[PDB]
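Methodologically, a virtual Cβ is constructed for each residue, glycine included, from the backbone with ideal geometry; neighbour enumeration extends over all protein chains shown. Derivation of every value follows stated rules applied to the coordinates shown; laboratory data play no part.
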Amino acid sequence: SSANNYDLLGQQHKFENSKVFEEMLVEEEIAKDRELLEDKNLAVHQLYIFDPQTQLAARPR
Amino acid sequence: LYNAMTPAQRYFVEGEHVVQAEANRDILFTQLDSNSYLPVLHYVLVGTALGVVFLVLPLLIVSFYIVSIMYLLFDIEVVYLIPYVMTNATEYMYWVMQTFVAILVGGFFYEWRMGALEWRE
């Protein structure tokens, strides 16, 4: 079980480390505007529903 | 039937003939009673009585809330627009009305932009 658990752990850590810089910075902005969009009374939330993984307008509200 | 109680209201006309004529008068728009809503109330009672007669004869034998609020507010806005059309306006009354309508149109544009005017919700 320890061997297998650390195999899954290695897959996750490889996935995180292997991203390129431009993707890392884009993901930092994704996290940031996720935090800014936590308020659901914002005007833009009335406009659109945003995709969770990438906070892009997915469908109108 | 409203009846004048003082000599000044009776045009300083003396005698009891005038009081008798006023009390037993008919509601005539050319005569004392003009712009009177009392005939309208008489019409209301007549309609209610006719409805009652029909009623008793056989017995013997989120979006909706939103539209309600918007209707209330735009209705009040039109309420303010009513006195304007009732005057021969000058240029400045006109521009005040234009500012008023500009504010109303800004609210309407907010409604359109936020999708409230669309009734999908």
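What is the sum of charges around B:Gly106, taking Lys and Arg as +1, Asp and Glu as -1, for the other residues whose C-beta is under 15 Å from the C-beta of B:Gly106?
For residues surrounding B:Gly106, the net value is -1.
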Mean separation of Cα contacts under 8 Å (6+ apart) over length of chain A, as relative contact order %:
21
Arrange B:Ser36, B:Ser63, A:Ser1 by Cβ neighbour counts within 10 Å, fewest through most, would you?
A:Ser1, B:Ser63, B:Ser36
Using a/c under 1.5 as the rounded threshold, could you call the protein assembly as shown rounded, prolate or oblate? The axes a ≥ b ≥ c are square roots of the C-alpha gyration tensor eigenvalues, and prolate needs a/b larger than b/c, oblate otherwise.
prolate
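As a check on your grasp of the helix formula, calculate [θ] at 222 nm for chain A: sum -39500 (n - 2.57) over DSSP H runs of n ≥ 4, divide by the residue count, round to the nearest 500.
-19000 deg cm²/dmol
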With +1 assigned to the C-beta of every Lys and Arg and -1 to the C-beta of every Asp and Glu, and no other charges, what is the dipole magnitude of chain A about the Cα centre in debye, to the nearest 20?
280
Going from the fewest other Cβ atoms within 10 Å to the most, one would list B:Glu22, B:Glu118 as B:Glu118, B:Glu22
Along the charge dipole of chain A, which of A:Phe50, A:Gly10, A:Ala31 sits closest to the positive end, that is, farthest toward it, with unit charges on the beta carbon of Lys, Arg, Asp and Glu (+1, +1, -1, -1)?
A:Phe50
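If I take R0 = 41 Å and measure r between the Cβ atoms of B:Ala116 and B:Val56 in this structure, what FRET efficiency does the formula 1/(1 + (r/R0)^6) give, to the nearest 0.05?
Efficiency for this residue pair is about 0.30.
Do the sum for chain B: with -39,500 (n - 2.57) for every DSSP H run of n ≥ 4, divided by all residues, what is the mean residue ellipticity at 222 nm, to the nearest 500 deg cm²/dmol?
Numbers: 4 runs with 76 residues, N = 121.
Value at 222 nm, helices only: -21500 deg cm²/dmol.
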Filtering GluC sites (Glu not before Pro) in chain A by DSSP loop and by at most 14 other Cβ atoms within 10 Å leaves A:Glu38
About the Cα centre of segment B:12-120, how large is the charge dipole given +1 on each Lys and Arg Cβ and -1 on each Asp and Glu Cβ? Please answer in debye to the nearest 20.
560
Between A:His45 and B:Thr87, what FRET efficiency follows from the Cβ-Cβ distance if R0 is 35 Å, with the result rounded to 0.05?
0.20
Between B:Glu77 and B:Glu14, the two model label points (7 Å from Cα along the beta-carbon direction) sit apart by a distance in nm of 6.2
Yeah, chain B with a ≥ b ≥ c from its alpha-carbon gyration tensor (a/c under 1.5 is rounded, else prolate when a/b outruns b/c, oblate otherwise) is oblate
At a Cα cut-off below 28 Å, give the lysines reachable from A:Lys40, other chains included and same-chain residues fewer than 8 away excluded.
A:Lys32
